[PDB]
Amino acid sequence: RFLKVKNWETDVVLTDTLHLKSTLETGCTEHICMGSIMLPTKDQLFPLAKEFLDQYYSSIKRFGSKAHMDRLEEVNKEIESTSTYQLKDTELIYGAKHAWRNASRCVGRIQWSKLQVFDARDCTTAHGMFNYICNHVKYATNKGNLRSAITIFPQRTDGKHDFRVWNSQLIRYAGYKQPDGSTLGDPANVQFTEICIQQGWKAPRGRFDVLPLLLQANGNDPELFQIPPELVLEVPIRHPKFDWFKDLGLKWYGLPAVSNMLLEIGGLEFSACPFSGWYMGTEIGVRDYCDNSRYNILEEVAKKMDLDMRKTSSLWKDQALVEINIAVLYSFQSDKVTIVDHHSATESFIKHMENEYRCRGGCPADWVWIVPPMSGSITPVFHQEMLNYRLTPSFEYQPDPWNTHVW
Amino acid sequence: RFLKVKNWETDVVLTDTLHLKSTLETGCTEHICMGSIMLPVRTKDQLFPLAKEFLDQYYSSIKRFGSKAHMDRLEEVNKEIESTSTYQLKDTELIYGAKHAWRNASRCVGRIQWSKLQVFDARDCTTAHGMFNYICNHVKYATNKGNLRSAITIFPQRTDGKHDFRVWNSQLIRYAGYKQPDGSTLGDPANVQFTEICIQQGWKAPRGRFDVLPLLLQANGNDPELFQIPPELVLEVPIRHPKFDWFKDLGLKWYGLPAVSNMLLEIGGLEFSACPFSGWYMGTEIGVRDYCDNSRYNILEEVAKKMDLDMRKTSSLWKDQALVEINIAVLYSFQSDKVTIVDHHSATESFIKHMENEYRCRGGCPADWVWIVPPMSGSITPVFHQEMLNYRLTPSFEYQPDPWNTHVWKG
Ligand code: HEM
Ligand code: HEM
Ligand SMILES: C[C@H](O)[C@H](O)[C@H]1CNc2nc(N)[nH]c(=O)c2N1
Ligand SMILES: C[C@H](O)[C@H](O)[C@H]1CNc2nc(N)[nH]c(=O)c2N1
Ligand SMILES: CS(=O)(=O)C/C(N)=N\CCC[C@H](N)C(=O)O
Ligand SMILES: CS(=O)(=O)C/C(N)=N\CCC[C@H](N)C(=O)O
Ligand SMILES: [Zn+2]
């Protein structure tokens, strides 16, 4: 019931008690671990509301005050009458920060308390959503000095009036299937791109075409909008030693902004809650550029480096991988666009874990996601035992809207 | 029930039914995943079901389930248990058992090889000297002048827990570690405590950076005894780099034969507490972990210094750059000397093929992703993208506590 985690490089041992406050299920059982699986009424709402308000009032050190009991009454009263309730601004902000704090897959949580929350619950139309999102993009980008932000659209009602951003991220590149059988641009976005085209988007059919936004307000049919190009900061990729690197014609965008998740606070469900921070370099250099099902540039880069590609044991893939990732960090830094390397980020996360253990009694963490996709064991997180469990408020996956929506 | 796993790179989806045959616990629950935790005397009562389950599995494997030979063996084992409180495995069952413990080892990426395992039956051994002789033969056979062959040597099983056979070494071949008065460590820091024990037992330490440790062997619950492996049996590889001529001057070498000796082999409820086994190295074990872990030889700085990398900011990726060069050197050296080794690309690609074959022919393949994914270049290996299910099958290899913690010293 009190659980220990050991760091095997430092022998530091931490005791976790926070897991007892865990509510949602992991997918695992006593017989089987599913740790590496990517996706494992009024009666329901009151305990959920109560549990949240209790933690909220405890956090402002007013647990069991007349203000607390009054609010609990108030939220119960509103549920009994309307079947839902509305969060105070203070609760919304707390809930949002805590959903980030509880995100077991996020290595960047040392930042969790510095999150600008944009309350867009007064939004009613897709044009309204576009305005809120441009404002978020501009604020967060901050001319390259990135600031974490979330924009929160109105909460789910009967579930037939959902607000959704159909894009997986606010800013992403189009993917096209070609007569050739190959893919131009980002293969991850082939399906969404087709949905955009079918909805009327004029695709430039290039390698790095910034997708349009497909915004759904109030369960209505979604609409297309182009983000003003001047609000989309992009970084040309060059290498500090290889003058040829630029001829690869690579670029990426500065602002990572996940737009397809669901924010749950106090049992209320926010299906449109785009949030943004900044990149760890490996996300772009290792995953986006080198995944086989992504831009898959390893072959081309190794060729320019004139590495012996005959045998896997020459580690040509590993050498190219490093140089690609040096270029990504070099380019962002040269252009003064915030980016963090995996050494620095994982070091910060260890310090964050220690803070969380000291001040909160633990930190839910998913090792499979926290350890970077390159140079795993030379980062301190590789050697850190982590306990994974689900706390609320949370960010949850939700099904892609096109599978669900009724036209 | 049927459980699905997806490969997110290929979209291949596999279906697991083998998890239904799993009995032992994982450490996880519906409320908590312990997938990254390193470590999360039986009665006659519990022994016969364990034997029956194992013998049913054995007789099914040889297509003799429900045969007279099957039934007579169950009765024979049952009678032996009630009469003697334990039983003895037939040689065939021992071989099947040891191979299956390997097949079931969810943290092992090398399992494509599981069916080729040379099993040395050392159950007639009685003394530490007898153990030394068995182990020398295992080393020489497995080494095979660099053409490494997988092998296991199996000493007598546990009886009352007071007469255990144990190899105190964590591997048959490993380098000494010495803590210096100034707090620095000479040699391998992982082996400091064991080295101290060896010295206290009477080993004369050469006190260098790569001294092969003596064997410390316990037979029949007796106090352990020291022995030096003949150096001519210990194959070692000097580490050099194909392009960097200064790399040799780091003075690095490593041994060719990895031979884990501190695990317990469980077959049909019987416990083999001394069962050293060996295969061959994946390059990253040495080049990433043994050389570059901060708490091991820790060579990253020195290598990057010699490479003249920009070491003032982590964001130059100097550590990553040096890491690749070290790992190229390890593979180049082993290959140049004709000592078996496998790179992490080959080994993981082979593992995915193994895993797919196991799903099709066995109904599953328990695998621990945390351990299977290599410690460098994770996502450019196919295993990173493979969903895996981890569960415990028997026969199995288990951790056991270190014997210096439990041993009753006779004097
Ligand atoms: C400020 C700098 C941040 C850094 C460096 C960072 C880093 C990361 C990384 C590397 C991942 C793994 C992503 C992947 O492999 O696709 C991740 C996941 C995640 N992050 Fe953070 N993040 C940051 C900010 C934020 C913010 C502001 C939020 C929410 C307010 C957040 C919430 C999440 C969530 C929910 C996941 C898991 C998403 C999933 O399961 O796909 N992050 N983060
Ligand atoms: C033939 C070539 C083999 C290769 C390339 C190989 C590869 C590996 C690697 C890389 C690991 C993780 C090691 C670590 O990080 O410390 C491992 C673990 C393991 N292997 Fe294999 N292995 C091989 C043969 C064998 C054999 C012959 C056995 C037993 C018969 C075996 C049983 C195990 C077990 C039980 C583990 C988990 C050890 C632990 O939890 O500490 N392997 N193997
Ligand atoms: C199958 C496996 O769970 C999957 O590839 C995971 C592994 N670790 C990951 N880690 C991060 N940060 N992001 C990912 O997309 C993944 N993918
Ligand atoms: C805490 C964590 O479980 C621990 O460092 C593990 C991670 N994965 C590993 N994987 C392998 N192959 N070997 C190891 O020693 C480890 N160590
Ligand atoms: C998008 S975010 O909120 O800042 C969190 C983060 N840094 N990464 C999340 C997903 C981004 C994705 N891995 C990508 O490479 O585009
Ligand atoms: C030792 S073995 O049975 O061949 C399995 C294997 N390849 N590795 C297991 C342990 C070796 C250890 N990682 C080492 O670096 O010495
Ligand atoms: Zn688990």
Side-chain angles (χ1 to χ4, degrees), chain A residues 5-9 100 103 105-108 111 140 146 148-150 168-173 186 188 252-253 255-259 261 274-280 282-289 294 339-340 345 367 371 376-377 381-386 395, chain B residues 34-40 98-99 101-114 116-119 142 148-152 170-171 258-260 262-263 265 275-285 288-290 293 340-342 344 346-348 350-351 368-375 396-399:
Chain A
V5 290
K6 179 179 188 175
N7 184 297
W8 286 88
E9 198 100 284
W100 185 9
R105 287 178 164 175
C106 173
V107 72
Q111 287 292 314
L146 305 206
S148 305
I150 180 160
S168 41
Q169 290 179 40
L170 299 183
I171 303 174
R172 279 195 108 178
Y173 296 125
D186 196 333
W252 208 253
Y253 47 91
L255 192 68
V258 176
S259 56
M261 293 190 84
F275 54 89
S276 60
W278 53 79
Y279 269 119
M280 179 166 72
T282 56
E283 298 181 79
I284 302 167
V286 182
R287 301 307 309 287
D288 300 343
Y289 281 166
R294 298 294 297 290
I339 189 155
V340 64
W367 192 102
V371 177
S377 73
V381 289
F382 179 96
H383 307 273
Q384 178 64 59
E385 300 181 343
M386 297 171 191
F395 295 107
Chain B
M34 303 226 314
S36 67
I37 306 305
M38 186 110 61
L39 327 154
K99 286 179 197 199
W102 182 14
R103 196 181 184 177
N104 299 335
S106 70
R107 291 177 165 175
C108 180
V109 74
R111 283 179 285 167
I112 196 170
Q113 288 292 327
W114 74 268
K116 294 94 171 219
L117 171 61
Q118 186 63 220
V119 174
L148 264 47
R149 296 184 276 202
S150 296
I152 178 158
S170 56
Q171 289 172 37
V260 165
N262 59 358
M263 294 186 87
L265 165 59
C275 63
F277 56 85
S278 56
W280 52 79
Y281 268 113
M282 180 169 76
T284 55
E285 298 182 75
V288 187
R289 309 297 317 284
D290 306 338
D293 273 8
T340 309
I341 191 158
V342 64
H344 55 288
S346 172
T348 56
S350 289
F351 181 75
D368 178 341
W369 193 102
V370 170
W371 275 63
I372 295 292
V373 178
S396 67
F397 291 108
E398 302 297 347
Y399 292 116

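When a ligand or atom number is given, it counts from 1 through the structure's own listing order. Heavy atoms only: backbone and side chains are in, while hydrogens, waters and symmetry mates are out. To find a chain, count down the sequence lines: A is the first, B the second, and so on, and within it residues start at 1.
- Of all atoms in ligand 4, listed by their number and element, those nearer than 4.0 Å to a heavy atom of A:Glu385 are 1 (C).
- Taking a cut-off of under 4.0 Å to the non-hydrogen atoms of B:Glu285, the atoms of ligand 2 that pass are 10 (C), 13 (C).
- Side-chain rings of A:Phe382 and A:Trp367 approach one another, their centers coming within less than 6.0 Å.
- At the shortest separation from atom 24 (C) of ligand 2 among protein heavy atoms lies B:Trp102 CZ2, 3.3 Å.
- Closest to atom 15 (O) of ligand 4 among all protein heavy atoms lies B:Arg289 NH1, 3.2 Å.
- Distances from ligand 2 to the non-hydrogen atoms of B:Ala98 include no value under 4.0 Å.
- Looking at A:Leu146, A:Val340, A:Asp288 one by one, the single match for side-chain contact (heavy atoms from CB on, under 4.5 Å) with A:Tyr279 turns out to be A:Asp288.
- Distance check: B:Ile152 CD1 to B:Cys275 SG gives 5.0 Å after rounding to the nearest 0.5 Å.
- Only side-chain heavy atoms of B:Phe277 come within less than 4.0 Å of ligand 2; its backbone N, CA, C and O stay farther off.
- Side chain of B:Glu285 to backbone of B:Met282: a donor-acceptor contact under 3.5 angstrom is found.
- Nearest non-hydrogen protein atom to atom 3 (O) of ligand 4 is B:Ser36 O, 2.7 Å.
- Counting heavy atoms under 4.0 Å from ligand 4, residue A:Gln384 touches it through the backbone alone.
- For atom 34 (C) of ligand 2, the closest heavy atom belonging to the protein is B:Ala105 CB, 4.1 Å.
- Protein heavy atom at the shortest distance from atom 4 (C) of ligand 2 is B:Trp280 O, 3.5 Å.
- No donor-acceptor pair under 3.5 Å is formed between the side chain of A:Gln169 and the backbone N or O of A:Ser259.
- The nearest protein atom to atom 6 (C) of ligand 4, hydrogens excluded, is given as B:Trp371 NE1, 4.0 Å; this is a heavy-atom distance.
- B:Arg107 and B:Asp368 get closest at one heavy-atom pair: NE-OD2, 2.9 Å.
- A donor-acceptor contact shorter than 3.5 Å links the side chain of B:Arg111 to the backbone of B:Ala105.
- For A:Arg287, the salt bridge (charged side-chain N to carboxylate O under 4.0 Å, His left out) criterion is met by A:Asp291, not counting sequence neighbours.
- Heavy atoms of A:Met386 come nearer than 4.0 angstrom to ligand 4 in no pair at all.
- The shortest distance between side-chain heavy atoms of B:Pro375 and B:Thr284 falls below 4.5 Å.
- Pocket lining of ligand 5, defined as residues with a non-hydrogen atom under 4.0 Å away: A:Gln169, A:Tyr253, A:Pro256, A:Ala257, A:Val258, A:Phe275, A:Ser276, A:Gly277, A:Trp278, A:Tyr279, A:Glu283, A:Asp288.
- Distance from atom 14 (C) of ligand 2 to its nearest protein heavy atom, with residue and atom name: B:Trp371 CZ3, 3.6 Å.
- For ligand 4, one of its N or O atoms has an N or O atom of A:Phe382 under 3.5 Å away.
- For A:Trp8, no nitrogen or oxygen atom sits less than 3.5 Å from a nitrogen or oxygen atom of ligand 4, counting backbone and side chain alike.
- With atom 22 (N) of ligand 2 as the reference point, the heavy atom nearest to it among B:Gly279, B:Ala347, B:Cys108, B:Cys275 is part of B:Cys108.
- When the options B:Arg111, B:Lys99, B:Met282, B:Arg107 are ranked by their closest heavy atom to atom 11 (C) of ligand 2, first place goes to B:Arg107.
- Within the cation-pi definition used here (under 6.0 Å to the ring centroid, within 45° of the axis), A:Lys6 qualifies as a partner of A:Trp8.
- Counting only distance, with no hydrogens or angles, the side chain of A:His383 and the backbone of A:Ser377 share a donor-acceptor pair below 3.5 Å.
- Contact of the B:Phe277 side chain with the B:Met263 side chain is registered, since non-hydrogen atoms from C-beta on lie closer than 4.5 Å.
- For ligand 4, none of its N or O atoms has an N or O atom of A:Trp367 under 3.5 Å away.
- The nearest heavy-atom contact from the protein to atom 39 (C) of ligand 2 is B:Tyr399 OH, 2.9 Å.
- Using a 30° and 60° split on the angle between ring planes, A:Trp252 and A:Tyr289 fall in the perpendicular class, above 60°.
- For the pair A:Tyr173 (side chain) and A:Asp186 (backbone), a donor-acceptor distance under 3.5 Å is absent.
- Here the CH2 atom belonging to B:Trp114 is positioned 10.5 Å from the NZ atom belonging to B:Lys116, to the nearest 0.5 angstrom.
- Nearest protein neighbour of atom 7 (C) of ligand 2, counting heavy atoms only, is B:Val109 CG1, 3.8 Å.
- Each of the following atoms of ligand 2 lies closer than 4.0 Å to a heavy atom of B:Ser150: 1 (C).
- Note: an N/O pair closer than 3.5 Å links B:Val370 and ligand 4 by distance alone.
- Counting all heavy atoms, side chain and backbone alike, A:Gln384 lies closest to A:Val5 at NE2-CG2, 4.2 Å.
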